[PDB]
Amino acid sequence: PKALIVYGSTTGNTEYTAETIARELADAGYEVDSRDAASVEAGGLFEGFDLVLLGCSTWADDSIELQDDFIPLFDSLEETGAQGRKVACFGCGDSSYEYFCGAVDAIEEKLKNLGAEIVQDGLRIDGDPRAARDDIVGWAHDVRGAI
């Protein structure tokens, strides 16, 4: 199977998380394509992928709390080929904020509205992802089991 991982990360936490998930999928036999949201074009982005994992950090704001590099993708999610696609979301945040990992909820909800198939509840990491390595690997393990 081929998996696409797209992440938006400012300080590197969601990027570390994406790389950890990418390793788990690869060690399980998937061919994985891991890309920074700052470098992708939304049009047909998901074409040909069996599984798509989208990740992003949350930044408190009055209008949109998604990480800046992910915004353009999020705004054009309807052109990616999400209908009937198996997808799962993940993201880093901090539970001292009201909207803890709120970007994960936002992305899941829009993918659901576009007809995607959410394979597993989103991975929400509090603090340093390096300290949650077991949680990432385990979630990655469960998403492969749902595909």
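Residue positions are given as counts along the sequence shown, with the first one as 1.
Student: Looking at the entry, does 16 to 24 or 130 to 138 show the higher mean C-alpha B-factor?
Tutor: Result: 130 to 138.
Student: Is the mean CA B factor in the deposited entry higher across 64 to 72 or across 47 to 55?
Tutor: So the stretch with the higher mean C-alpha B-factor is 64 to 72.
Student: Specify which of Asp94, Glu108, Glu79, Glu31 carries the largest Cα B factor in the deposited PDB entry.
Tutor: Of the candidates given, the C-alpha B-factor peaks at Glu31.
Student: With respect to C-alpha B-factor, does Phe100 fall in the lowest, middle or highest third of the chain as deposited?
Tutor: Middle third by C-alpha B-factor.
Student: When the deposited Cα B-factors of this chain's modelled residues are ordered and cut into thirds, is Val40 in the lowest, the middle or the highest one?
Tutor: For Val40, the deposited C-alpha B-factor lands in the highest third.
Student: Consider only the C-alpha atoms of the modelled residues in this chain, order them by B-factor as the entry records it, and name the third containing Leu4: lowest, middle or highest.
Tutor: Its C-alpha B-factor belongs to the lowest third of this chain's values.
Student: Name the third of the chain's ranked CA B-factors that contains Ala116, choosing lowest, middle or highest.
Tutor: Middle third - that is where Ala116 ends up once the chain's C-alpha B-factors are sorted.
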